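Encoded as structure tokens, the structure appears first; notes follow it.
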4 protein chains.
Amino acid sequence: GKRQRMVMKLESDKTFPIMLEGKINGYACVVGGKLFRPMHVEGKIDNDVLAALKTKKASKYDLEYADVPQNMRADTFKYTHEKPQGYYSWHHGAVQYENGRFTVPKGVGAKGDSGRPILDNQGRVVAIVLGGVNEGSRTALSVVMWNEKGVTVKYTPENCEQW
Amino acid sequence: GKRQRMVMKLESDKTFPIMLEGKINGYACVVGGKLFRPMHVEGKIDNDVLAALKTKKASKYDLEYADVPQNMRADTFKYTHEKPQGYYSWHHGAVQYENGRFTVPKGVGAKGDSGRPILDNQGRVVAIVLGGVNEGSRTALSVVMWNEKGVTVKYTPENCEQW
Amino acid sequence: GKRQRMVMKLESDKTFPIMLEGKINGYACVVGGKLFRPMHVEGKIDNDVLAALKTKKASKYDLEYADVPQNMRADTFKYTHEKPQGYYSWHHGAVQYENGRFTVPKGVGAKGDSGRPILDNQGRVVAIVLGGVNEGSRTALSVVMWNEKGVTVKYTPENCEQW
Amino acid sequence: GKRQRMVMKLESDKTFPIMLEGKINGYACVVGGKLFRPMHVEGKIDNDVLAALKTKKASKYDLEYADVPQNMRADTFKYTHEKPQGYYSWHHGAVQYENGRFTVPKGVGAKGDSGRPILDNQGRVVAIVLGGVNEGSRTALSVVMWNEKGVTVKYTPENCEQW
């Protein structure tokens, strides 16, 4: 109920969709002065400022990143590495964090909702949704996250389908 | 209030947008049996009749022009050269004509609203908006117009940005 | 009235419009387990299932035509060889059938009107509209249809327009 | 629900389940004075007299025909060849017969319900269900039946699964 409204209030201005002949196939992320955007989502950036840049690539970690200018670094997402197990907020409701794995209940999940960040009860991004795999009743996510040392860890289960 | 409604009633059928993969970047003008369309706005004409033609180019004046057929010349805009100083109607409200210069108050003006004609209190096109430059609080326009002799004069201030 | 509403209920499920860049150019019909598409209409079928299927062409009868997948075979239209004189249904009102000629009262029928299946007093397709000509105060059509033997028959009046 | 009562009250005397380890795999049908049993169903006949027989094989039509003793020739299904279009009465409700094909609405039809007869509004067997394939919202059936000449005909749709 109110969780989706809080997601729409937090991700209103900072989330920009990716257009491809009128089709919405992905979402970029503006956090820490960086613009995260995946490889398989191909299209034009809806924002005029973020589209006229050059994104350095990382095909192993499946991420394109760039440098957000200084006049927009204050209006970004927050990020942290301290995460316990339990529940977190996602755009379609809740997501479970168990044994270092993000799980989403079924019914939701198609092609197009790639790049949506995972939020917490405070308002900090803990993961970035990149892919998903159907596991019985409860699907698992293939995402990226950080740690205490500062190494971007990409978690990928078996036989995932890119969204 | 009612000025925008009069602009929408006058520019309903005669104004056709320019599409580029679903994005509206410019507007052509059908006046005097001629189809005015700028250089920097690139895309396909939404009208089926106006798209299957050949437009003669003028890069110095920044105008492509063509010949509207006789079955559509009655449903065009009006044009004149007699203009006093003061106020005129524009799609986002009012525009000031002072010292032979068109000025628009700030807050409005982005990439995409190029080619909108400037109307008067009677319903005649006096100028065609091509570009704009931010001057203090009140922006100036880089437009084209006519005169009593019949020479198309292009007015361009310093350091303009094309829209 | 009443006749057009059940036709809208049928066309919402099985008649699929094509996707030109901003508009609709034609309508793919799914009848008997064989997808039909007119040739002069160019674009993309709205379903991603019906888009990937490669079509065979029949230039004498102006129709691309491929085979529909096995799940979709029950959810197709039905076709009838026997048509008596009188009144049949169509998306734009009613259509007269007289001396083997599907004719329509004028004012309707233009570009983007192609592949619309002419239904009957039961809900079965008897013809597929490909265009027509204005025969005075009442326009006739250029349809393909079927006969008792199982032979696709195309009728076309003089100087028809590919709608 | 009234037709299903008729089917159950006619199957209570003349239909025998083929049990393997107690689990139902198929149904022997005693129609017209001759025992019928499909090939791929494994198990034994529930009736003790019918289980001690020498069923002659017929591997093409997926049937194992036998003969009925003379004291049991009156306790058989009656049958016919006459089959106009419309509805017939299966074990789970109704079954549509259109264009020479028996179709059931989906969901029902799994491993075990094979060999069940299809009845008419008089109480005569017109088909014996062997298998079928799910064509989306409706399941076509692979049955054997008869004709006016007195010839056993098997119909088989594409990619049918043996039930």
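Simple scheme: letters A, B, ... for chains in structure tokens order, numbers from 1 for residues in each chain, numbers from 1 for ligands in the order shown.
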
Given a cut-off of 12 Å, which residues of chain C touch chain B, counting only C-alpha atoms, written out as a list in words?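 So the contacting residues turn out to be residues 20, 21, 22, 23, 25, 111 and 112 of chain C.
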
Saved selection, atoms kept: N, CA and C atoms, as a PDB file, in the first residue's frame:
```pdb
ATOM      1  N   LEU C  20       2.776   0.925 -37.503  1.00  0.00           N
ATOM      2  CA  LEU C  20       3.635   1.919 -38.114  1.00  0.00           C
ATOM      3  C   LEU C  20       4.047   2.914 -37.032  1.00  0.00           C
ATOM      4  N   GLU C  21       5.121   3.666 -37.310  1.00  0.00           N
ATOM      5  CA  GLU C  21       5.891   4.487 -36.370  1.00  0.00           C
ATOM      6  C   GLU C  21       5.073   5.357 -35.418  1.00  0.00           C
ATOM      7  N   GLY C  22       3.940   5.877 -35.881  1.00  0.00           N
ATOM      8  CA  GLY C  22       3.044   6.571 -34.982  1.00  0.00           C
ATOM      9  C   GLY C  22       1.587   6.168 -35.087  1.00  0.00           C
ATOM     10  N   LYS C  23       1.209   5.483 -36.163  1.00  0.00           N
ATOM     11  CA  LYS C  23      -0.196   5.239 -36.462  1.00  0.00           C
ATOM     12  C   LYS C  23      -0.422   3.769 -36.794  1.00  0.00           C
ATOM     13  N   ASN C  25      -1.615   1.157 -39.721  1.00  0.00           N
ATOM     14  CA  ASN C  25      -1.704   1.048 -41.171  1.00  0.00           C
ATOM     15  C   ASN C  25      -2.612  -0.092 -41.618  1.00  0.00           C
ATOM     16  N   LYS C 111      -7.341   5.461 -45.553  1.00  0.00           N
ATOM     17  CA  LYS C 111      -6.056   4.846 -45.254  1.00  0.00           C
ATOM     18  C   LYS C 111      -6.051   4.320 -43.824  1.00  0.00           C
ATOM     19  N   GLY C 112      -5.397   3.180 -43.622  1.00  0.00           N
ATOM     20  CA  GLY C 112      -5.444   2.505 -42.344  1.00  0.00           C
ATOM     21  C   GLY C 112      -6.645   1.608 -42.159  1.00  0.00           C
TER      22      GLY C 112
END
```

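With chain D held fixed and chain C fitted to it over all Cα atoms, the RMSD is 0.5 Å.
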
Strand (DSSP E or B) call set, DSSP backbone run, chain D, as a ChimeraX atom specification: /D:15-20,23-31,34-36,44-45,56-58,63-65,77-79,86-90,93-97,102-105,117-119,124-134,138-145,153-154,161-162

To one decimal place, how far is atom CA of residue B:102 from atom CA of residue B:33 in Å?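 Those two atoms sit 25.5 Å apart.
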
Exercise: residue D:99 partners within 12 Å, only C-alpha atoms, chain neighbours under 2 positions left out, as a ChimeraX atom specification: /C:32,78-79 /D:83-86,96-97,101-103,140,155

Using only C-alpha atoms, can you tell me which of C:91, C:73, C:5, C:56 comes closest to residue C:115? C:91

Taking only C-alpha atoms into account, name the residue in B:34, B:94, B:119, B:100 that is nearest to residue B:142.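 When distances to residue B:142 are compared using only C-alpha atoms, the smallest one comes from B:100.
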
Quick one: everything within 6 Å of residue B:120, counting only C-alpha atoms, minus sequence neighbours fewer than 2 positions away in the same chain. Send it as a VMD selection string. chain B and resid 88 to 89 122 to 124

So that I can check the surroundings of stretch 143-146 of chain B, please list as number ranges by chain every protein, DNA and RNA residue that reaches within 10 Å of it, counting only C-alpha atoms and ignoring chain neighbours fewer than 6 positions away. B: 61-63, 79-82, 101-102, 115, 117-118, 125-132, 152-157

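Note that the spacing between atom CA of residue A:27 and atom CA of residue B:161 amounts to 29.1 Å.
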
One-decimal distance in Å that lies between atom CA of residue B:104 and atom CA of residue B:139: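 Between atom CA of residue B:139 and atom CA of residue B:104 the gap works out to 5.3 Å.
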
DSSP says alpha helix (DSSP H) for which residues of stretch 1-162 of chain B? Put them as a list in words? residues 2, 3, 4, 5, 6, 7, 8, 9, 10, 48, 49, 50 and 51 of chain B

Excluding same-chain residues fewer than 3 positions from residue C:71, what lies within 9 Å of it counting only C-alpha atoms, as a VMD selection string? (chain C and resid 68 74 to 75) or (chain D and resid 134 to 138)

Please produce a file of the residues just selected, as an mmCIF file, in the first residue's frame, where the atoms kept are N, CA, C and O atoms.
```cif
data_model
loop_
_atom_site.group_PDB
_atom_site.id
_atom_site.type_symbol
_atom_site.label_atom_id
_atom_site.label_comp_id
_atom_site.auth_asym_id
_atom_site.auth_seq_id
_atom_site.Cartn_x
_atom_site.Cartn_y
_atom_site.Cartn_z
ATOM 1 N N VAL C 68 -0.368 -20.234 -37.695
ATOM 2 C CA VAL C 68 -0.447 -19.871 -36.285
ATOM 3 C C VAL C 68 -0.027 -21.011 -35.363
ATOM 4 O O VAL C 68 -0.298 -22.177 -35.645
ATOM 5 N N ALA C 74 -7.237 -22.669 -31.204
ATOM 6 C CA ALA C 74 -8.634 -22.668 -30.789
ATOM 7 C C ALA C 74 -9.205 -21.258 -30.742
ATOM 8 O O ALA C 74 -10.407 -21.074 -30.950
ATOM 9 N N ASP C 75 -8.365 -20.261 -30.489
ATOM 10 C CA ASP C 75 -8.805 -18.872 -30.379
ATOM 11 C C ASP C 75 -8.617 -18.142 -31.707
ATOM 12 O O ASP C 75 -7.920 -17.133 -31.806
ATOM 13 N N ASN D 134 -3.390 -29.886 -25.828
ATOM 14 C CA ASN D 134 -3.994 -28.648 -25.339
ATOM 15 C C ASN D 134 -3.678 -27.541 -26.336
ATOM 16 O O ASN D 134 -2.544 -27.065 -26.416
ATOM 17 N N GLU D 135 -4.690 -27.120 -27.087
ATOM 18 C CA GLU D 135 -4.549 -26.008 -28.021
ATOM 19 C C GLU D 135 -4.964 -24.695 -27.359
ATOM 20 O O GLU D 135 -5.873 -23.992 -27.802
ATOM 21 N N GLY D 136 -4.274 -24.376 -26.268
ATOM 22 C CA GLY D 136 -4.500 -23.128 -25.575
ATOM 23 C C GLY D 136 -5.710 -23.165 -24.670
ATOM 24 O O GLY D 136 -5.669 -23.764 -23.593
ATOM 25 N N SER D 137 -6.796 -22.527 -25.100
ATOM 26 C CA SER D 137 -8.007 -22.422 -24.302
ATOM 27 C C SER D 137 -8.961 -23.589 -24.509
ATOM 28 O O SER D 137 -10.071 -23.564 -23.968
ATOM 29 N N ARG D 138 -8.554 -24.611 -25.260
ATOM 30 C CA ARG D 138 -9.428 -25.724 -25.597
ATOM 31 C C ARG D 138 -8.573 -26.886 -26.074
ATOM 32 O O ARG D 138 -7.601 -26.681 -26.802
#
```
